[PDB]
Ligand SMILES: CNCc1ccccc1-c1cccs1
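Here we start with a single chain on its own, the form deposited without this ligand, put down as C-alpha cells.
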C-alpha cells in the first residue's frame, strides 16, 4: 500500500502511457492543457477509478469523445485531493481505455517555481522549472502519483517563441505553434516506462553546448562555458556506470544547470539530469553529484522503490554506485575517504533528529508524514553503510558489484520493496547464507539511530584532516601563533572540506580560534559552495558577528536546501542574527521555491 497516494492502486488499474499537450502562460503562472492517460484495468467490471491531484482546476474529462462525470474529494493536506472518474462502460481485466483530462495548474503549484526575469541570469526572460519528487507530479497533472506505477510518455508543449522547453525525455523536434505564431511547440518522447515523479519540465532562455557523444549541457548563456568545463568528466563517468550496471537504456544523457533557487544538488530526470549551479566550483571538485545522478539511471530509474517507505533502495544503491565511479576514476583510497565522510554525515543527521527518531530508520513509515519533511541523509548514508558493510562481509567490492549488476538486471523496469531486495540478496548469495544470517536485519532495516556495526574504512586520506582539526580543537590561546597558511599546502579541496566537517562536529570553538583561522587560512575567499557552507556554519555557531552578512547572503543568493536550511537555522540560533534571519526569510518567502519556503518556515517556526 502506497500511503502517500490517494489514487487507485496498481492492483486496481495501471497507467500505461501519458500524452501531455500543454501551454505555458507566464503572465498567469499556469500550465494548461490535456493529460490523456492510457489506463489498463487490473480488475473485472471496473466502473470508476481515482487519480491524485493537488491545486488543479479540472475543466472536463473525456472518454470515447464524450464528457464523463468526475468528482474532486475534500483536500487531504499535502496529499492533495482525490479525483474519482466514473467510467462510461465497465472494463474487463486487461482492457485499456484513454482518459483525456482538461486541466490547469495553480500559480502556487508545489511542483513548480515561476521565476521573474530579475531572478534569472539574463534578466530579460522569465523561467519555469518543475521538481516532482516525491509527490508533486499531482500538482502538475492528474495521475496515479505513486512510484509503484510506470508509464511511457509523449508531450507537446507550447511556449513563447523566444523561449525553449526541455523535458525528461528525448527531444522530438520544434515547430511554430499552428494555433499561435507568437509561440513554438516543442515535442518530447519517453519510450522507457518511468514512475511519474520522473516527469520534468523546464522553460526558459536556454542554450546548449555538446560535451560528450551523448551529452549536451543546457543553461542560460551566462553559465554555458563554466558548465561545459565543470562537467567534462560526464562521458567517462557514464562509461564506468555502464560497466558496473549494464547498458545505459535512456538514449541521451544531458545536463541542465538550473537557476540558484533549484532546491536539490541534483535530480535524476531521465535523459536530462537537473543540477544546482552551486556545483560550479571551477575545478570539477563537486563532480560526485554528476556521478550520483548518472548512477540513478540504473538504481532508481530502472529499479525503482515501490513506495516512499523504501526510498533507501533508490538512494543507498545510488551512493554505492557513485562511490565506485569516483573510486574507479581516482582510486580506492578516495572511495574509502568519501565513504568515511558519508558515515560522518550520517552521524550528523542522527544527532540532529535524535537517535530514537523514526526518520533515522532505514525503512520508514510515511503514513500521515509529508515526504519533504522526512527527507534527509539517512536513506543515502545508512543505506550506503548497509551495502558497504555487506560488501565487506561477502568477500569484497568485485563480489558485491557482481550482485549489484544482477540486482539491476533482475528488477529492471520494476518497482520493488525492501523484502524483494533482501530475498534477491539471499538468492544471489545462497552459498553465503550462514554469513547473511549473522546480519542484525531488524536493527539495520527497522531501528532508529546509528547502524549496529560500523564498516572498516581505509584512513590514508582522512588522517591529515583529523590531525589538523584536533590541533585546532586542542589549541589554547598560546598555540594560535603556530597555525599558518602552510598547514593547508598538502590538502586537496576534498580534504579541506573534511577538515571543516571534522571541526564543525565539535562547534562551537572559541571566537579567537575562528578569527585566527580566517587570519591564516583566508576561508572567506573560498567560493567552493561545500567548503564555504561549512566555514560559515562554523563561524555562526562560534558566534562571529562578522559572518552574519556572509551567511545571510549565501542563504538567500542560492536555494539548495542542503545549504539554505542549516544556514537559516544556525542564524536563527545565534542571538545576534535571530531577528535578521526571521526578517530575511519573511522578505524572501514569496520569491522562494514553494518547498524550500515551506521547510525554512517550519525550521524557523514562522507561519
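Positions refer to the first chain, counted from 1.
One more form of this protein exists, namely the form solved in complex with this ligand; it is left out here, but the text below deals with it.
Annotated contacts: 22, 32 and 177 all touch this ligand in the bound PDB entry [non-hydrogen atom within 4.5 angstroms].
This ligand is not drawn, but in the bound PDB entry it has a heavy atom within 4.5 Å of residue 156.
Although the partner is absent here, residue 163 sits far enough away that none of its heavy atoms falls within 4.5 Å of this ligand in the bound PDB entry. Interface residue remark: residue 85 is not counted as part of the site for this ligand in the bound PDB entry, having no heavy atom within 4.5 Å. A residue is said to contact a partner when one of its heavy atoms sits within 4.5 Å of a partner heavy atom; residue 185 meets this definition for this ligand in the bound PDB entry. Note that among 426-434, 177-185, 226-234, 206-214, the stretch whose heavy atoms approach this ligand to within 4.5 Å in the bound PDB entry is 177-185.
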